[PDB]
Amino acid sequence: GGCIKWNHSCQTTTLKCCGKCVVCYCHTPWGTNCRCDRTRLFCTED
């Protein structure tokens, strides 16, 4: 229940990652098992 946690699987579920600045990424050039292990560009966070 609730949003996807940091460096956890994005899981192809309707649920987004926790915090509007956090974003999903796959490390291989092709992939689907991607994780929320990055931030959107120009996020002014602390």
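In this analysis, Cβ positions are derived from the backbone assuming ideal geometry, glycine residues included, and neighbour counts consider all displayed protein chains. Any read-out appearing in this document is the output of simple, stated calculations on the displayed coordinates, not a laboratory observation.
How many residues are surrounded by 10 or more Cβ atoms within 10 Å (Cβ to Cβ) and acidic (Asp, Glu) if we restrict to region 12-45?
Total meeting the criteria: 1.
Please enumerate the residues belonging to region 28-42 that are closer than 17 Å to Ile4 by Cβ and either part of a loop (DSSP other than H, G, I, E, B) or not β-branched (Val, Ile, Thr) (or both).
Within region 28-42, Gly31, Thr32, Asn33, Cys34, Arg35, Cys36, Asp37, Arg38, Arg40 qualify.
If you go through region 5-27 one residue at a time, how many are part of a strand (DSSP E or B) and either touching a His at 6+ places or on another chain (Cβ under 6 Å) or not aliphatic (A, V, I, L, M) (or both)? Before you say what the answer is, go through the steps one by one.
Of region 5-27, the ones part of a strand (DSSP E or B) are 9, 17, 22-25.
This time we only want the ones that are either touching a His at 6+ places or on another chain (Cβ under 6 Å) or not aliphatic (A, V, I, L, M) (or both), so: 9, 17, 24-25.
Residues meeting the conditions: 4.
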